[PDB]
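Form deposited without ligand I3P, single chain, as structure tokens, below.
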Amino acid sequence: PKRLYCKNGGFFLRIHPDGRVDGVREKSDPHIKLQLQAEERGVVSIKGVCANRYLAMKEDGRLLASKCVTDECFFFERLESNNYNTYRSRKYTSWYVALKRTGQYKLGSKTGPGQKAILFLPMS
């Protein structure tokens, strides 16, 4: 039952009950309480405990939380050499889950390696 914490400005990923995703800096916020369920080695599912919705990635780089379980609910997780974690799309091979430093998620299509934006540290 972890929260994820962005390197890019220190925001936790927030999942809204309506599907909308973003960041906030309030650890006490309930919509930041996640469930990361590993499904194979290195492949996880991050779900919103409260929202009861799964993080999904859309064809256009779009990030949102859906009820439905599909192959877009999936992310190869990864411990970076710097000890931050990364979730890149199992479907959209090149796409990473990311938060802009202002707090809005960043288009998957505009991510890539080397970005702070992509850098997460999960916590209980």
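Think of the rigid core as the biggest set of C-alphas that the two forms share within 1.5 Å after superposition. Numbering starts at 1 and runs along the sequence shown. Residues that one form lacks are left out of the comparison.
If you look for the form deposited with ligand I3P bound, you will not find it shown, but the lines that follow are about it.
Three-residue candidate spot 39, 76 and 78; no residue lies within 4.5 angstroms of ligand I3P in the deposited bound form by any non-hydrogen atom. Among 64, 44, 51, 34, the residue placing a heavy atom within 4.5 Å of ligand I3P in the deposited bound form is 64. Within this chain, residue 59 lines the site of ligand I3P in the deposited bound form, having a heavy atom no more than 4.5 Å away. Using a 4.5 Å cut-off on any heavy atom, the one residue of 1-24 that reaches ligand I3P in the deposited bound form is 21.
Remark: with the core as the superposition reference, the CA shift of residue 81 between the shown form and the other one reaches 2 Å or more. After fitting on the rigid core, only one stretch of 3+ residues whose CA atoms all move by 2 angstroms or more between the shown form and the other one is found, at 81-83.
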